[PDB]
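**Student:** One structure, pasted below without further comment.
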Amino acid sequence: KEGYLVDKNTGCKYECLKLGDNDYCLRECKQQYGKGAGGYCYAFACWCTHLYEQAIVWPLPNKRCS
């Protein structure tokens, strides 16, 4: 159930730092979406790829960033 992790509030896209560097993506998903996660940095977006059914990926359905 993989994809870009999501801002659980406004459901704006979750922006990662310099693309390529799969360090911040990893870290971030580690310390919010669980100490067993993984991912990498696309074009200013953290695609995380180690996730469970109870990972949602951007946006939210019922409250995307309007």
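**Student:** Ignoring chymotrypsin sites (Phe, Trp or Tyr not before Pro) that are buried or in helix or strand per DSSP, and keeping those with at most 15 other beta carbon atoms within 10 Å, what is the longest stretch of the chain between them?
**Tutor:** Between exposed loop sites, the widest span is 1-43.
**Student:** What nm distance separates the two modelled labels at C12 and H50, each placed 7 Å from Cα along Cα→Cβ?
**Tutor:** 2.7
**Student:** Still on this structure, please answer the following. So what is the calculated 222 nm ellipticity per residue for the chain, using -39500 (n - 2.57) for each DSSP H run with n of 4 or more, over all residues, to the nearest 500 deg cm²/dmol?
**Tutor:** When only DSSP H runs of four or more count, the value is -2500 deg cm²/dmol.
**Student:** For the chain, set up a Gaussian network in which alpha carbons nearer than 10 Å are linked by springs, and say which option among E53, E15, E28 fluctuates the most.
**Tutor:** The residue with the greatest mean-square fluctuation here is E53.
**Student:** Are there any trypsin sites (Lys or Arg not before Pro) in the chain that are in a DSSP loop and have at most 14 other Cβ atoms within 10 Å? List them by number.
**Tutor:** Those that pass, being in a loop and sparsely packed, are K1, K8, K18, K35, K63, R64.
**Student:** Moving on to the next point. Note down the relative contact order for the chain as a percent, whole number, built from C-alpha pairs under 8 angstrom at least six residues apart.
**Tutor:** It comes to 44 percent, rounded to a whole number.
**Student:** Now, a different point. Using the Cα gyration tensor of the chain, with a ≥ b ≥ c the square roots of its eigenvalues, what is the shape: rounded (a/c below 1.5), prolate (a/b larger than b/c) or oblate (neither)?
**Tutor:** Note, shape of the chain comes out oblate.
**Student:** Label points 7 Å out from Cα along the Cβ direction at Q32 and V57: separation in nm?
**Tutor:** Result for the modelled spin labels: 1.7 nm.
**Student:** Given the Cα-Cα distance of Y24 and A43 and 0.36 nm per residue of separation, how much length would full extension add, in nm?
**Tutor:** Using 0.36 nm per residue and subtracting the Cα-Cα distance, I get 5.5 nm.
Each value in this text was obtained by applying a stated rule to the coordinates, not by laboratory testing. Counting neighbours? That spans all protein chains shown, and the Cβs are built from the backbone with ideal geometry, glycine included.
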